[PDB]
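Visitor: Sequence first, structure after, both from an experimental entry:
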Amino acid sequence: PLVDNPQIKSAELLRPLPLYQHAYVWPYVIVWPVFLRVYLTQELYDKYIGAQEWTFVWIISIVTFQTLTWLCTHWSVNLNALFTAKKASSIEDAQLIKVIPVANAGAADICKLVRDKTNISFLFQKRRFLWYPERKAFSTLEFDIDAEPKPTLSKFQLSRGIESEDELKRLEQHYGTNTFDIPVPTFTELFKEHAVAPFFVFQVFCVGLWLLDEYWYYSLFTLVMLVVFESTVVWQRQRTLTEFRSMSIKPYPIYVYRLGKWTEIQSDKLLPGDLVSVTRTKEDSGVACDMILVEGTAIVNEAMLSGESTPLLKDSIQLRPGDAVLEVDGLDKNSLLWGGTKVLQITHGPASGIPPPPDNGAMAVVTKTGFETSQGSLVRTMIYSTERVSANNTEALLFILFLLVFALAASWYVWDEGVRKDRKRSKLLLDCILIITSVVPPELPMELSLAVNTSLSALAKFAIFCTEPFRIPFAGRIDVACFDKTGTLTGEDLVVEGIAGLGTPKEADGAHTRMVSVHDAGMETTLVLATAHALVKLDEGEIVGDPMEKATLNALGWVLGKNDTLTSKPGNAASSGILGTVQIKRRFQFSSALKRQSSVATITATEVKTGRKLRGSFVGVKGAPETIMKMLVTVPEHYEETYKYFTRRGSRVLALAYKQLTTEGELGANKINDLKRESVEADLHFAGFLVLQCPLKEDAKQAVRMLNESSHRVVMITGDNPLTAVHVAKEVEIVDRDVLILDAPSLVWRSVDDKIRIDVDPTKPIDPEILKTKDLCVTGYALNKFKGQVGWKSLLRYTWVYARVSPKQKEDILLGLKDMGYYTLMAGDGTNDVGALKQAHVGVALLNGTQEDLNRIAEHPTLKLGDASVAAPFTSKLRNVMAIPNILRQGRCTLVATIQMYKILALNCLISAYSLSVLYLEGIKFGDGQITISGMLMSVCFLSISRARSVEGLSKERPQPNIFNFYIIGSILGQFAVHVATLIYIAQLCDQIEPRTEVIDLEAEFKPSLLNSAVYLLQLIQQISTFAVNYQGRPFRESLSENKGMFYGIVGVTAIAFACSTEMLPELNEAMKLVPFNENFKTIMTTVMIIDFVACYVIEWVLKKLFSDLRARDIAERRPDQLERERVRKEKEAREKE
Ligand code: ALF
Ligand SMILES: [Mg+2]
């Protein structure tokens, strides 16, 4: 292909033509002189231009054709290439490129090439593509890291930055300036871009058509309404663009080594290959671009990229043997500072001989700049290359045709009846066109985006921010909700229960129930509690890190030190035992694949009670018990039973182990740095078990109960031990019945109390009674072993809890669940779930943050998107899990609102059309003032109706997602039939009361008549009835009578119409040009209107009670026992309210 990228479908090379060769110039300047010559001759006047008003018809038709031909260039892109572009033979003569992306992933566009100095490039979706003469294609930009041969570390270690000004200019020309290009446009630009949309042009054409019939006030009113609607849409788009623009980072001065000297340079002028001095970041800022730490040590907080506030330690590369060892990203993941992440602390703990920077910061080398960073790429995909709210426009554009069928039938009948009695052809054609064009509603494909924006504002009220608005309707039909255990359903403040297994009471199974406090513990246990930790101390005096480490340090009672050392040498009664000091030399970072911490330290520990002096090098390891057994030199005889007994209750336990390398003296940096992961983790002894209690969040039970009671199903995925996950699920009430674990001892079912054990084969199908009678909890090992067998599908339907799941297997499970057609929701916070939030339909990043911090800000609650993250589409700044149902409520509102709007709009249009038809069979037309008053009243009613609130809780019913179904179509057809029958009966009765004169003259300046007033009153009452009868707000919103804001407007307009019909105010009828009535006509009209309203309400209520409830899926179907328990508890809650 012409370009090499998976997000562009096809592209070709074009060249512009001059103005006279355009498709909207030459054929028309051929056609027009011919028509002029035909008009100017008298013998060739037989083509039916004899009447003076057919010249207007032909002129308007030809001008409309020219306008359509011109607008076809702006409506589409392929037609633009066909109308004003010509294909180019080779790249040497090309001047424009037409680029079409992969479908539903952006918008196709034309772009201009630039040729610089040889270099051919072009910008598409704010991304720069460059031509490669060897591959004969365009591609994305290239950097030093992404080269096919992996560069040696000596490229970065011995780098001295850019030493040539010409090289600096060349690098500036090749890449771009380090900034985010999100330029908000002015009001005129958006108005000009929104004035060539097809529906705005259609509305202007309809305005002109109405103006052609001397309807001045109505045309002015609808023009004003269209203008203010476009203005508010443009304002909303501008506000959204400003909110998106507020994500970028303000420039700040930095120190840069250029031309052999240190210079203070702004942040936006950074280039690849530069050598910068990174230091402590300021408030509301971050790192300028992607960096690699050549020398130094950093403590950073990658909040935006992951959503976790736990600090990480980034080390340099000055120690690696970079003379010949190539660069890899698997091993050097700890030496890359990603852009957009705040830096907490800088510490120093050169080969090139460069003098140190004056600010005493660390040294770094820039890798990528601009939009090409990971955060930049995410932002670019977020803003430009993303889905839209509707993105298909298929059901609405068929609904318009469905209405137009009835419109065409009515117009054809009107035309035939008018041509039977020999009316004037021009006026009859204009009336038929006016009937045809009065049916199409211009905002029917819309009104899903506006509801989405309103729901977005309502959600942002609750401190919940959304980045992709097209996922809001997806929240209206979610069938499966996935959750995480650690960090989401568990609190951040842990309590240290104690230490066991250091040495006694014994149960029947052999488990040891000995409970030993933290204060009285062993020498090695206390020492490994002190050393084996990843927590750090800030220079200001604050303590940050993993909360478990904070809890165990508070329980230990030791006091930190400035040079990353721990000591308790001064006499403290809290410790009462081991005292001395320890200095950590090397720290090994936790990863999801190893589940272990290993730390090396220089120790000097003394025990006052018994002596046993300890000095020298030492290594301590903590983590999962199974890995400790994998690296234990002496397996205890009471390990597994005690571990299982202590983890049965839900307490979280961690295995602690120790080893001594040298009995005296320090190890030595030469082999301290030469030590590997496999060499240091061998022949380890056993220290003990640190057992703790994890507290549930106080909103977990309520949120899970609300999600389960509605039309949803909740499953839990975690990377913890199986027994703890099962206990947490049982406390949360995800599972009710007895559960069975499925694990290796190969591929055996076990029980929680280990009373039954079942052997099964991976190939044979699962026993159905196991699926039916009992719940399932499938671990990650057997999930890996079930990759392709026949039991893979069923295991994805009947289980609810997963344990020991790798980050890739989470996205595999989510993809498998999405394969069946179920809509999924995922909530998570850590980096273990970042690979699965994007794969799910809707993802929430539960940023655990204090609400006191949110209230503490004062600038000098709605906030902005700067403090949010880009890990997940939805981000909340509050620790409450109850934020999860709120989203699942808000979308549930939006669809509902959209549904009601559709119905109302369709019915309104239909009624109006047929009303005109009844007027147009008699030769009389509606008045200007009457139609203006009707339009104003309808606009006031719409504005009063459009405001509403939401119900505090979820409901067992679900909204209809699409348009074409039994409910909407049946209700529309029934109400339209009732309205048409009432109108026909009223017209026949009025013809019976007063005979028709049958004198057809078009010189009627609106002489008042009985039929006109009768049809006007009937259509006004019918419009008010269809406004006040389709208020979809019983289960999901508030009722009509419970909110006075629209109720007062409804009753006021109804009272005005009834006062007009009752002839209680004779002046008001003369103010609208109405003929006075008599008693029997008034009574029969009132009864007809009442019957119409009653029948419409009855039909709508019956159809809503019948077909509105969307049935729950088979996965979310609940057993009668759960329903009975729910009913009992609901009646208990009803009784205990007072
Ligand atoms: F903290 Al987890 F799966 F255990 F995200
Ligand atoms: Mg987590």
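Guide: Cool, the structure landed. Residues are numbered from 1 along each chain as shown. Ligands and ions are numbered 1, 2, ... in the order given.

Visitor: my guess is residue 125 contacts residue 384, does it?
Guide: Yes. With contact defined as Cβ atoms under 8 Å, residue 125 and residue 384 form a contacting pair (4.7 Å). Using the backbone N, CA and C atoms, a C-beta is placed for each residue, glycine as well.

Visitor: Quick check: neighbours shared by those two?
Guide: Listed contacts common to residue 125 and residue 384 are residue 106; contacts here mean Cβ atoms under 8 Å, 6 or more residues apart in numbering.

Visitor: Number of residues surrounding the closest residue to ligand 1 within the stretch 251-400 of the chain?
Guide: Closest to ligand 1 within the stretch 251-400 of the chain is residue 308: 9.0 Å, counting by Cβ to the nearest ligand atom. By other Cβ atoms under 10 Å, the residues close to residue 308 number 21.

Visitor: my read: it touches residue 828, true?
Guide: No. Using Cβ under 8 Å, residue 308 is not in contact with residue 828, being 10.1 Å away.

Visitor: Pick out the residue of the chain closest to ligand 1.
Guide: Closest point on the chain to ligand 1, by Cβ to the nearest ligand atom, is residue 486, at 3.4 Å.

Visitor: hang on, that residue is in a helix, isn't it?
Guide: No. Under DSSP: H, G, I helix; E, B strand; the rest coil, residue 486 sits outside any helix and is assigned coil.

Visitor: Name the residue in residue 125 and residue 384 with the higher neighbour count.
Guide: More crowded of residue 125 and residue 384, by other Cβ under 10 Å: residue 125, with 19 against 14.

Visitor: Contact partners for the more buried one?
Guide: 101, 106, 109, 380, 384, 385.

Visitor: Residue numbers of the stretch 451-600 of the chain in contact with ligand 1?
Guide: For the stretch 451-600 of the chain, the residues in contact with ligand 1 (Cβ under 6 Å from any ligand atom) are 484, 485, 486, 487.

Visitor: Highest neighbour count among those?
Guide: Most neighbours among these, by other Cβ under 10 Å: residue 484, with 23 neighbours.

Visitor: Excluding chain neighbours, what is closest to the residue in the stretch 351-500 of the chain positioned nearest to ligand 2?
Guide: Sorted by distance to ligand 2 under Cβ to the ion, the residues of the stretch 351-500 of the chain start with residue 487, at 3.6 Å. Sequence neighbours aside, residue 829 is the residue nearest to residue 487 in space, at 4.4 Å (criterion: Cβ to Cβ, 6 or more residues apart in numbering).

Visitor: That neighbour - how many residues pack around it?
Guide: Look at residue 829: counted by other Cβ under 10 Å, it has 24 neighbours.

Visitor: How about residue 1036?
Guide: Residue 1036 has 19 neighbouring residues, counting by other Cβ under 10 Å.

Visitor: Could I get the contacting residues of the nearest residue to it once chain neighbours are set aside?
Guide: Leaving out its chain neighbours, the residue that sits closest to residue 1036 by Cβ to Cβ, 6+ apart is residue 896, at 5.1 Å. The contact partners of residue 896, taken as Cβ under 8 Å, 6+ apart, are 959, 1032, 1036, 1037.

Visitor: swap in residue 857?
Guide: Contacts of residue 857 by Cβ under 8 Å, 6+ apart are residue 863.

Visitor: Begin at 43 from now on, thanks
Guide: I'll keep to 43 as the first residue from here, and by that count the last item is residue 899.

Visitor: For residue 591, see how far away the residue in the stretch 843-992 of the chain positioned nearest to ligand 2 is.
Guide: The minimum distance from the stretch 843-992 of the chain to ligand 2, using Cβ to the ion, falls at residue 872 (3.6 Å). In this view, residue 872 and residue 591 are 16 Å apart by Cβ to Cβ, to the nearest Å.

Visitor: what does residue 977 give?
Guide: Using Cβ to Cβ, residue 977 is found at 69 Å from residue 591.

Visitor: In terms of neighbours, single out the busier of these two.
Guide: residue 591 (20 against 15).

Visitor: tell me the contacts of the more buried one?
Guide: Here residue 591 is in contact with 575, 576, 577 (Cβ under 8 Å, 6+ apart).

Visitor: does the last one really touch residue 587, like I thought?
Guide: Yes. With contact defined as Cβ under 8 Å, residue 577 and residue 587 form a contacting pair (3.3 Å).

Visitor: is it true that residue 145 touches residue 49?
Guide: No. Using Cβ under 8 Å, residue 145 is not in contact with residue 49, being 10.5 Å away.

Visitor: who's more crowded, those two?
Guide: Using other Cβ under 10 Å as the criterion, residue 145 and residue 49 rank with residue 49 on top: 13 against 9.

Visitor: All the strands of the stretch 843-992 of the chain, residue numbers only.
Guide: 866-870, 884-888, 916-918 (DSSP state E, counting those that start in this stretch).

Visitor: so what does the second one touch, helix or strand wise?
Guide: Here strand 884-888 touches strand 866-870, helix 876-879, strand 916-918, helix 925-962, going by 3 or more Cβ pairs under 8 Å, 6 or more residues apart in numbering; DSSP states H and E.

Visitor: now residue 888: how far from residue 1005?
Guide: As judged by Cβ to Cβ, residue 888 and residue 1005 stand 34 Å apart.

Visitor: More neighbours: those two, which one.
Guide: The residue with more neighbours, out of residue 888 and residue 1005, is residue 888; 27 against 19, by other Cβ under 10 Å.

Visitor: which ones are touching the more buried one?
Guide: 349, 529, 530, 869, 870, 871, 918, 921, 923, 925.

Visitor: between these, which is nearest residue 79?
Guide: Closest approach to residue 79 among the contacts of residue 888 (Cβ to Cβ): residue 918, at 72.3 Å.

Visitor: and the residue of the chain closest to ligand 1, what does it touch?
Guide: Residue 528 touches 760, 761, 762, 872, counting by Cβ under 8 Å, 6+ apart.

Visitor: which parts of the stretch 743-892 of the chain sit against ligand 2?
Guide: With Cβ under 5 Å from the ion as the criterion, the stretch 743-892 of the chain meets ligand 2 at residues residue 872.

Visitor: What segments of the stretch 743-892 of the chain are helices?
Guide: 764-774, 810-815, 822-827, 849-861, 876-879 (DSSP state H, counting those that start in this stretch).

Visitor: Buried residues in stretch 583-590, which are they?
Guide: Buried positions in stretch 583-590, judged by neighbour count with 16 or more other Cβ atoms under 10 Å: 586, 587, 588, 589, 590.

Visitor: Ok, stretch 420-438 next?
Guide: 420, 421, 422, 423, 425, 427, 428, 432, 438.

Visitor: Any chance of a markdown table for those residues, columns distance to residue 372 and secondary structure?
Guide: Output for these, formatted as a markdown table (distance: Cβ to Cβ, whole Å; DSSP: H, G, I helix; E, B strand; the rest coil):
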| residue | distance to residue 372 | secondary structure |
| --- | --- | --- |
| 420 | 22 | helix |
| 421 | 27 | helix |
| 422 | 27 | helix |
| 423 | 25 | helix |
| 425 | 32 | helix |
| 427 | 29 | coil |
| 428 | 31 | coil |
| 432 | 43 | coil |
| 438 | 50 | helix |
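
Visitor: Quick one: list the elements packing against the host helix or strand of residue 1065.
Guide: Using DSSP states H and E, residue 1065 sits within helix 1052-1071. Using 3+ Cβ pairs under 8 Å, 6+ apart, the elements in contact with helix 1052-1071 are helix 925-962, helix 970-987, helix 1008-1035, helix 1086-1104, helix 1121-1149.

Visitor: Specify the angle between it and helix 1121-1149 in degrees.
Guide: 30 degrees (axes from the mean of the first three to the mean of the last three Cα atoms, to 10 degrees).

Visitor: Any idea how far helix 1052-1071 is from the middle of the chain?
Guide: Centroid displacement of helix 1052-1071 relative to its chain, using Cα atoms, centre = their mean, to the nearest Å, is 43 Å.
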